[PDB]
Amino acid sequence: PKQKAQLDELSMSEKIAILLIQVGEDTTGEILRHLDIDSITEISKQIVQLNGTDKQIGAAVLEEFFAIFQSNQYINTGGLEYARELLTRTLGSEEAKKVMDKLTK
């Protein structure tokens, strides 16, 4: 509940730094090299400040970005896991699994 509260008050810039922290330094360096200085300043600041965020909050952030990349076609694989996340949000864990079993077949 506290995690949830903390997750819904993250700015989009905080969510992006949390995403970057989880993808690691090499991939983060690749994004930062294409940003402007003011963007790099803000994101770098949150990486340093959000280092060590709860992994469950990070996972919720990744799921949020997973849905963004699915709906905008940056990611065109892993539809099963996307369905699993969607059905769990809309139906709850236990009815989603019965859909998921029928969905895999």
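Residue indices: 1-based, along the sequence shown.
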item: Average Cα temperature factor in the PDB entry - higher stretch of 48 to 56, 22 to 30; value: 48 to 56
item: Mean Cα B-factor comparison, 59 to 67 or 33 to 41, giving the higher one as deposited; value: 33 to 41
item: Lowest, middle or highest third - CA B-factor, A17; value: lowest
item: Lowest, middle or highest third - CA B-factor, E85; value: middle
